[PDB]
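Coming up is one lone chain in structure tokens, specifically the form deposited in one PDB entry.
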């Protein structure tokens, strides 16, 4: 059995191609709709097809965003096409994406179940690549707004990480308000919990920090079934936020005061032999004041990632580390001077 569609390439000019695929499995299910796996007939390559209801009213924002993006650490939209079948008279948008086998979520949980933590080298590789993907999208003023381990795809052999699921992503424009019900629990920045609608891209940075801490800890750092419970956990670590910090997150001073707890020394939060650089980075990501958090690009240049810039660094399995230094001017525009740290001497050899 073989499906053949006429699809538009995600990048490049509108030059429709006849695409045929087979072995259609299922995955995903949820909010958006369905995700299938498939095998492209000629090349034999695996792809994921995300199928969602097309609005008719507006054009699909995820698609609009996907087509603008091209980066080694973001899933490639290979094709998109429309279809339906069945008793519906409703259009479905189908996004054909590179299939990447693992996710940070699944990996983390394997190590967690086995009472292990992921080797710090993998923590470095995954986090660096995430920050690059954020640096890139943020440069277009696009915030992901749902950074979490399930959205971080991994090829285990190459150590390559790819940000996915742009269903929540949106261009944040100074002055325009945005819904505060967007991020997934545990990874929500305080300003989101306080219902702020004037938030910036630094919510993604907070979320990234939550992922780092979690890979280090072996479990979510700020858990809770309610916002109340999450804030308690946040306060247990960061300490009680000052009236200044409180005004910084949500201007609209919700209505209350929290228990007055002092800052738990970040060193006492983590397993005893945790690298100090890792801990330092966390504290500079997980800050109350949104403007006080490192930028993605600033994070990449943090000393916690120095090992990745070492010329002799290899994967434990012997392979080379994947591309880490092929920055574009687009990607560096945040702060071009950082190139002198980000691009190590050996990467400039001729």
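Numbering follows the first chain given and starts at 1. What we label the rigid core is the largest C-alpha set whose atoms superpose within 1.5 Å from one form to the other.
Annotation: residue 86 belongs to the positions left without coordinates in at least a third of the other compared entries, with flanking residues modelled. When the C-alpha B-factors of 180 to 188 and 250 to 258 are averaged, 250 to 258 comes out higher. In this entry, the higher average B-factor at the C-alpha atoms falls on 265 to 273, of the pair 265 to 273 and 119 to 127.
Taking only the listed residues 90, 229, 198, 146, the entry reports the highest CA temperature factor at 90. Comparing the C-alpha B-factors of 84, 151, 168, 139 in the entry, the top value falls on 84. Annotation for residue 298: CA B-factor lies in the lowest third of the chain's modelled residues.
Remark: residue 114 belongs to the highest third of its chain, ranked by C-alpha B-factor as recorded. The deposited CA B-factor of residue 174 belongs to the highest third of values across its chain. The entry lists a Cα temperature factor for residue 311 that places it in the middle third of the chain's modelled residues.
Sorting the modelled residues of the chain by their CA temperature factor places residue 291 in the lowest third.
If you look for the form deposited in another entry, you will not find it shown, but the lines that follow are about it.
Note: rigid core superposed between the shown form and the other one; among 82, 258, 140, 111, the CA shift is 2 Å or more only at 258. If you fit the rigid core between the shown form and the other one, you'll see the Cα of residue 30 move by 2 angstroms or more. A shift of at least 3 angstroms brings the Cα atoms of residue 104 and residue 31 nearer to each other in the other form than in the displayed structure. Note: residue 30-residue 133 Cα separation is 3 Å or more shorter in the other form than here.
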